[PDB]
Every structure is written in structure tokens, then in C-alpha cells.
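File shown: entry.txt. Contents: compact mmCIF, C-alpha atoms and all ligand atoms.
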```txt
# COMPACT_ATOMS: atom_id res chain seq x y z
CA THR A 1 -4.56 -7.19 19.64
CA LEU A 2 -6.41 -4.69 17.43
CA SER A 3 -6.77 -5.58 13.67
CA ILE A 4 -8.49 -4.18 10.56
CA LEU A 5 -10.52 -6.64 8.46
CA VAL A 6 -11.53 -5.20 5.00
CA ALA A 7 -12.07 -6.12 1.34
CA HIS A 8 -11.13 -3.33 -1.15
CA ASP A 9 -10.80 -3.25 -4.91
CA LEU A 10 -7.84 -2.01 -7.09
CA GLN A 11 -8.90 1.62 -6.39
CA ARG A 12 -9.75 1.10 -2.67
CA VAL A 13 -13.53 0.88 -3.15
CA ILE A 14 -15.21 -0.90 -0.18
CA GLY A 15 -18.92 -0.19 -0.59
CA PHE A 16 -21.73 0.99 -2.85
CA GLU A 17 -25.21 2.06 -1.64
CA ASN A 18 -24.55 0.58 1.85
CA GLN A 19 -23.68 -2.87 0.45
CA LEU A 20 -20.52 -4.71 -0.80
CA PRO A 21 -20.00 -4.07 -4.54
CA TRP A 22 -19.14 -7.67 -5.37
CA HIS A 23 -20.56 -11.15 -4.75
CA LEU A 24 -17.58 -13.11 -3.39
CA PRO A 25 -18.56 -16.07 -1.13
CA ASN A 26 -14.90 -17.01 -0.50
CA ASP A 27 -14.19 -13.61 1.06
CA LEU A 28 -17.06 -13.96 3.42
CA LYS A 29 -15.80 -17.50 4.40
CA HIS A 30 -12.39 -15.88 5.11
CA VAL A 31 -14.08 -13.26 7.30
CA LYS A 32 -15.98 -16.00 9.17
CA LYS A 33 -12.80 -18.04 9.69
CA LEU A 34 -10.81 -15.06 10.95
CA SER A 35 -13.34 -13.39 13.27
CA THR A 36 -15.31 -16.30 14.78
CA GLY A 37 -14.92 -16.39 18.52
CA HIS A 38 -13.55 -12.82 18.60
CA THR A 39 -14.94 -9.25 18.70
CA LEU A 40 -16.16 -6.99 15.82
CA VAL A 41 -16.46 -3.19 16.05
CA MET A 42 -18.47 -1.65 13.14
CA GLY A 43 -20.17 1.73 12.61
CA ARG A 44 -23.94 1.94 12.45
CA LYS A 45 -24.38 1.79 8.72
CA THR A 46 -22.37 -1.37 8.36
CA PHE A 47 -24.47 -2.92 11.11
CA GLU A 48 -27.75 -2.00 9.41
CA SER A 49 -26.51 -3.33 6.08
CA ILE A 50 -25.71 -6.72 7.57
CA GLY A 51 -29.00 -6.33 9.50
CA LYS A 52 -28.24 -8.75 12.35
CA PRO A 53 -25.35 -9.37 14.67
CA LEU A 54 -23.01 -12.05 13.30
CA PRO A 55 -23.03 -15.35 15.22
CA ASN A 56 -20.35 -16.55 17.55
CA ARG A 57 -18.52 -13.32 18.27
CA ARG A 58 -19.11 -10.19 20.20
CA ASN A 59 -20.76 -7.54 17.96
CA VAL A 60 -19.98 -3.99 19.00
CA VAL A 61 -21.62 -1.10 17.11
CA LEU A 62 -20.36 2.48 17.25
CA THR A 63 -23.18 5.06 16.98
CA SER A 64 -23.96 8.44 18.49
CA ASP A 65 -27.55 7.03 18.71
CA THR A 66 -28.39 6.71 22.47
CA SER A 67 -31.62 4.81 21.69
CA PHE A 68 -29.61 2.13 19.99
CA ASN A 69 -30.05 -0.93 22.12
CA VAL A 70 -30.14 -3.94 19.84
CA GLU A 71 -30.58 -7.56 20.85
CA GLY A 72 -27.19 -9.27 20.80
CA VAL A 73 -25.14 -6.10 20.13
CA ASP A 74 -23.02 -4.07 22.49
CA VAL A 75 -23.06 -0.33 21.79
CA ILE A 76 -20.26 2.12 22.29
CA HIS A 77 -20.54 5.83 21.68
CA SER A 78 -16.88 6.73 21.43
CA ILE A 79 -13.76 5.57 19.55
CA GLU A 80 -12.02 5.72 22.95
CA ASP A 81 -14.25 2.73 24.04
CA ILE A 82 -12.74 0.34 21.52
CA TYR A 83 -9.61 0.12 23.73
CA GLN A 84 -11.47 -1.41 26.69
CA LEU A 85 -12.65 -4.38 24.68
CA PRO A 86 -10.86 -7.62 25.64
CA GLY A 87 -9.22 -10.08 23.33
CA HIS A 88 -8.70 -9.95 19.58
CA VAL A 89 -10.81 -7.04 18.26
CA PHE A 90 -11.43 -6.65 14.50
CA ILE A 91 -12.26 -3.18 13.11
CA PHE A 92 -15.01 -4.41 10.73
CA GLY A 93 -15.88 -1.18 8.86
CA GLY A 94 -17.16 0.81 7.13
CA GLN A 95 -15.33 3.85 5.74
CA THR A 96 -15.47 6.14 8.72
CA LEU A 97 -14.18 3.50 11.25
CA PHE A 98 -11.29 2.57 8.84
CA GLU A 99 -10.30 6.24 8.59
CA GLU A 100 -10.35 6.63 12.35
CA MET A 101 -8.56 3.34 13.03
CA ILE A 102 -5.88 2.76 10.31
CA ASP A 103 -3.21 4.66 12.33
CA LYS A 104 -4.10 2.84 15.55
CA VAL A 105 -4.32 -0.91 14.63
CA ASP A 106 -1.52 -3.57 15.00
CA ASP A 107 -2.21 -5.18 11.65
CA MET A 108 -4.70 -5.51 8.77
CA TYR A 109 -6.24 -8.43 6.98
CA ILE A 110 -7.06 -7.16 3.52
CA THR A 111 -8.72 -8.96 0.72
CA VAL A 112 -7.62 -7.13 -2.37
CA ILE A 113 -10.40 -7.60 -4.86
CA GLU A 114 -8.59 -7.39 -8.26
CA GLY A 115 -11.20 -5.51 -10.20
CA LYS A 116 -12.56 -1.98 -10.63
CA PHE A 117 -16.07 -1.54 -9.19
CA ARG A 118 -18.36 1.49 -8.87
CA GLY A 119 -18.11 2.65 -5.22
CA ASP A 120 -19.31 5.39 -2.89
CA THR A 121 -17.08 4.41 0.03
CA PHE A 122 -13.32 3.79 0.20
CA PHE A 123 -10.54 2.38 2.35
CA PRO A 124 -7.90 5.07 3.12
CA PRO A 125 -4.63 5.17 1.12
CA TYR A 126 -1.75 3.28 2.83
CA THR A 127 1.83 2.59 1.77
CA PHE A 128 3.96 -0.58 1.99
CA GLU A 129 6.62 1.72 3.40
CA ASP A 130 4.57 1.48 6.59
CA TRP A 131 3.37 -2.19 6.42
CA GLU A 132 5.24 -5.49 6.20
CA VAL A 133 3.51 -8.17 4.09
CA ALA A 134 3.30 -11.02 6.65
CA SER A 135 1.51 -13.10 3.98
CA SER A 136 -0.06 -12.82 0.56
CA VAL A 137 -2.30 -15.67 -0.63
CA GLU A 138 -4.05 -15.75 -4.03
CA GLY A 139 -7.74 -16.67 -3.68
CA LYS A 140 -8.93 -19.70 -5.62
CA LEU A 141 -11.50 -19.07 -8.34
CA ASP A 142 -14.46 -21.11 -9.42
CA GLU A 143 -17.83 -20.42 -11.17
CA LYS A 144 -19.30 -19.06 -7.91
CA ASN A 145 -16.05 -17.06 -7.07
CA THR A 146 -15.11 -15.55 -10.28
CA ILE A 147 -13.38 -12.27 -9.26
CA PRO A 148 -9.58 -12.60 -8.68
CA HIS A 149 -8.63 -11.68 -5.18
CA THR A 150 -5.65 -11.83 -2.78
CA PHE A 151 -5.65 -12.19 0.95
CA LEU A 152 -3.03 -9.96 2.57
CA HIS A 153 -1.98 -9.85 6.17
CA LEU A 154 0.02 -6.61 6.84
CA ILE A 155 1.82 -5.82 10.06
CA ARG A 156 2.68 -2.21 10.97
CA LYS A 157 6.47 -1.70 10.73
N1 LIG B 201 -15.53 -4.00 1.86
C1 LIG B 201 -15.47 -4.07 3.13
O1 LIG B 201 -14.56 -4.59 3.67
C2 LIG B 201 -16.50 -3.35 3.95
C3 LIG B 201 -17.41 -2.49 3.40
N2 LIG B 201 -18.33 -1.85 4.09
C4 LIG B 201 -19.18 -0.91 3.40
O2 LIG B 201 -18.88 0.39 3.87
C5 LIG B 201 -20.01 1.22 3.70
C6 LIG B 201 -20.41 2.00 4.96
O3 LIG B 201 -19.42 2.90 5.44
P1 LIG B 201 -19.67 4.30 6.07
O4 LIG B 201 -20.63 4.94 5.22
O5 LIG B 201 -18.53 5.04 6.39
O6 LIG B 201 -20.43 4.02 7.41
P2 LIG B 201 -20.05 3.15 8.68
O7 LIG B 201 -20.45 1.83 8.53
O8 LIG B 201 -18.72 3.39 9.06
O9 LIG B 201 -20.91 3.77 9.79
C7 LIG B 201 -21.23 5.12 9.85
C8 LIG B 201 -21.67 5.48 11.23
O10 LIG B 201 -20.92 4.97 12.27
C9 LIG B 201 -21.12 5.72 13.41
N3 LIG B 201 -19.86 6.30 13.85
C10 LIG B 201 -18.69 6.28 13.21
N4 LIG B 201 -17.74 6.90 13.91
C11 LIG B 201 -18.30 7.32 15.04
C12 LIG B 201 -17.92 7.98 16.17
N5 LIG B 201 -16.69 8.42 16.38
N6 LIG B 201 -18.83 8.22 17.11
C13 LIG B 201 -20.07 7.84 17.01
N7 LIG B 201 -20.52 7.20 15.97
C14 LIG B 201 -19.70 6.92 14.96
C15 LIG B 201 -22.12 6.81 13.04
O11 LIG B 201 -23.44 6.36 13.28
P3 LIG B 201 -24.64 7.39 13.64
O12 LIG B 201 -24.80 8.24 12.47
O13 LIG B 201 -25.69 6.45 13.83
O14 LIG B 201 -24.17 8.01 14.83
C16 LIG B 201 -21.85 6.93 11.57
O15 LIG B 201 -22.85 7.55 10.82
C17 LIG B 201 -21.09 0.34 3.14
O16 LIG B 201 -21.29 0.48 1.77
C18 LIG B 201 -20.67 -1.06 3.42
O17 LIG B 201 -21.14 -1.93 2.44
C19 LIG B 201 -18.39 -1.99 5.38
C20 LIG B 201 -17.52 -2.84 5.99
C21 LIG B 201 -16.55 -3.50 5.29
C1 LIG B 202 -20.33 -10.93 6.79
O1 LIG B 202 -20.96 -10.20 5.72
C2 LIG B 202 -20.58 -8.87 5.56
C3 LIG B 202 -19.32 -8.45 6.01
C4 LIG B 202 -18.91 -7.13 5.82
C5 LIG B 202 -17.54 -6.68 6.33
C6 LIG B 202 -16.36 -7.33 5.61
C7 LIG B 202 -16.42 -8.10 4.49
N1 LIG B 202 -15.30 -8.62 3.92
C8 LIG B 202 -14.10 -8.38 4.46
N2 LIG B 202 -13.02 -8.90 3.90
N3 LIG B 202 -13.95 -7.63 5.56
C9 LIG B 202 -15.01 -7.06 6.15
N4 LIG B 202 -14.89 -6.26 7.21
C10 LIG B 202 -19.76 -6.20 5.23
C11 LIG B 202 -21.02 -6.64 4.77
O2 LIG B 202 -21.89 -5.78 4.13
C12 LIG B 202 -21.59 -4.37 4.07
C13 LIG B 202 -21.43 -7.96 4.95
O3 LIG B 202 -22.66 -8.36 4.47
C14 LIG B 202 -22.67 -9.04 3.25
```

Please re-express this file's structure in C-alpha cells.
Ligand SMILES: NC(=O)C1=CN([C@@H]2O[C@H](COP(=O)(O)OP(=O)(O)OC[C@H]3O[C@@H](n4cnc5c(N)ncnc54)[C@H](OP(=O)(O)O)[C@@H]3O)[C@@H](O)[C@H]2O)C=CC1
Ligand SMILES: COc1cc(Cc2cnc(N)nc2N)cc(OC)c1OC
Amino acid sequence: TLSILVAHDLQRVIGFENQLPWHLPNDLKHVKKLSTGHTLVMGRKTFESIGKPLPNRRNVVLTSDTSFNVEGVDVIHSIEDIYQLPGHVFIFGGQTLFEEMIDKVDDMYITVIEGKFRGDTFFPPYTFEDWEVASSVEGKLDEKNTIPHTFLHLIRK
């Protein structure tokens, strides 16, 4: 099963200067919970931002770079390769993978971050005409998690 995993704000911002625009530990716990034991496919800039492969899942990086051979990362050089990956595969970002994949995935796990951040990278527009809300769960706030957010799971109609 092929899924998107993304956090985006009220205007679909995902990213600023190759980093997440917000500090939201609870989103990152959500990401850990969902993707542990599965596979992640991310483009090269997302990989560099994170800087290491994430533990306890297959990390797959998409890059035209044929010298890319990183310890604990599988490399693919085409979108077409994503389909040969076994198991539950999460399209992990960033902008350019989302744009390529949004029409192809079974479902999306979206954290809607309920604020308006400066961004330089966006998730593509989508409509609920196309996507059934399987679930919608308000994120709990505390002093360390102070931005309202909602976890959506959307299934393509
Ligand atoms: N909020 C969220 O949920 C998430 C946010 N982000 C954010 O997104 C931003 C980065 O996004 P973006 O700039 O689009 O970059 P990406 O992370 O998507 O990666 C860009 C690169 O991916 C590689 N790539 C993508 N498509 C292909 C292809 N078909 N063939 C070969 N290589 C390909 C290329 O690498 P090369 O040039 O090396 O060939 C390309 O330059 C960051 O700010 C980051 O913080 C990222 C993930 C999630
Ligand atoms: C695990 O830490 C990171 C995760 C992500 C991707 C990501 C983050 N949040 C959500 N909801 N979905 C995603 N695909 C992107 C990151 O930086 C660009 C990360 O470093 C902080």
C-alpha cells in the first residue's frame, strides 16, 4: 500500500530553507508511530535536511546523483522504482515527490498545522471531492506543543 505522509499549514506550506517551519514534537511522534517498521521514499533535499537515515525502517532516497551511496540508505533514480518496493511505503517528501505522487497514492496521512507560516515549499492543492476523511483527530496541545494541529487520514474515493 502506497501512502503520503506530510505536515502542511493552512496555506499548504511544508518547508522553509530546507527545514520544517514549525517546532512540533507531537507531529514527529506521529510520524515515528506511523512509519516505524515500514519504508520511506524521500527526495534528496529532504534526506540531507534530516541528515541521517531514520531508524527502524527502510530509507529510500530518490536522486539523479549516481555517486549517492549512503550508509543505511537505498537509492533509486526513477519514480518508476517506487513501485517495486515491498510492503507499506510512505512518500515522505518534500515538494517535488508530493507533486509527482499525489495522483498515484492510496491514501494520505496529513497533519494540518493550523497556522500561517512563511514557506518556500508547498503541498499540492487537493479537494475533498476526491478524498474521503477516514479520520480526523485534533492534536493535544501543551507548552512544548503549542500550535493547533489535526491529524487527517484521507482515502482516495
Ligand atoms: N512538512 C512536511 O511534511 C515535509 C516537509 N519537507 C520539506 O520540504 C522541503 C524540500 O522539498 P523539495 O525542495 O521539493 O525537495 P525534495 O526533498 O523533494 O528533493 C528534491 C530532490 O529530489 C530528487 N528527485 C525528485 N524527483 C526526482 C526524480 N524524478 N528523479 C530523480 N531525482 C528526483 C532530486 O535530487 P537531485 O537534485 O539530487 O537529483 C531533487 O532535487 C524542505 O524544506 C523540507 O523541510 C519535506 C518533507 C516533509
Ligand atoms: C522525522 O523528522 C523529519 C521528518 C520530516 C518529514 C515529515 C514530517 N512530518 C510529517 N507529518 N510528515 C513528514 N513526511 C521532515 C523533516 O525535515 C525536513 C524532519 O526533520 C525534522

For ligand LIG 201 (chain B), return the neighbouring residues as a ChimeraX atom specification (distance at most 9 Å; all atoms listed in the file).
/A:5-9,12-22,42-50,61-66,68,76-80,91-100,110-111,119-123

I'd like the contact shell of residue 130 (chain A) - 9 Å cut-off, only C-alpha atoms, skipping same-chain residues fewer than 6 positions apart - returned as a PDB file with C-alpha atoms, in the coordinates of the input.
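Once written, part.pdb looks like this:
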```pdb
ATOM      1  CA  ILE A 155       1.820  -5.820  10.060  1.00  0.00           C
ATOM      2  CA  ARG A 156       2.680  -2.210  10.970  1.00  0.00           C
ATOM      3  CA  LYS A 157       6.470  -1.700  10.730  1.00  0.00           C
TER       4      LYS A 157
END
```

From the list A:26, A:125, A:134, A:113, which residue is nearest residue 147 (chain A) when using only C-alpha atoms?
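Looking at the shortest contact to residue 147 (chain A), the residue is A:113.
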
May I ask for the distance between CA of residue 152 (chain A) and CA of residue 53 (chain A), given in Å to one decimal place?
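Spanning CA of residue 152 (chain A) to CA of residue 53 (chain A) is a straight-line distance of 25.4 Å.
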
Write out as a CSV table (one decimal) with C-alpha atoms, keeping the file's coordinate frame which residues come within 10 Å of residue 148 (chain A) when counting all atoms listed in the file, dropping same-chain ones fewer than 2 positions away.
```csv
chain,number,residue,atom,x,y,z
A,24,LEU,CA,-17.6,-13.1,-3.4
A,112,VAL,CA,-7.6,-7.1,-2.4
A,113,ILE,CA,-10.4,-7.6,-4.9
A,114,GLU,CA,-8.6,-7.4,-8.3
A,115,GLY,CA,-11.2,-5.5,-10.2
A,138,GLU,CA,-4.0,-15.8,-4.0
A,139,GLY,CA,-7.7,-16.7,-3.7
A,140,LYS,CA,-8.9,-19.7,-5.6
A,141,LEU,CA,-11.5,-19.1,-8.3
A,142,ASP,CA,-14.5,-21.1,-9.4
A,145,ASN,CA,-16.0,-17.1,-7.1
A,146,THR,CA,-15.1,-15.6,-10.3
A,150,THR,CA,-5.6,-11.8,-2.8
```

Top pick for closest residue to residue 33 (chain A), considering A:57, A:144, A:106, A:11 and counting all atoms listed in the file
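For residue 33 (chain A), the nearest of the candidates is A:57.
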
CA of residue 40 (chain A) and CA of residue 70 (chain A), how far apart in Å?
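It comes out at 14.9 Å.
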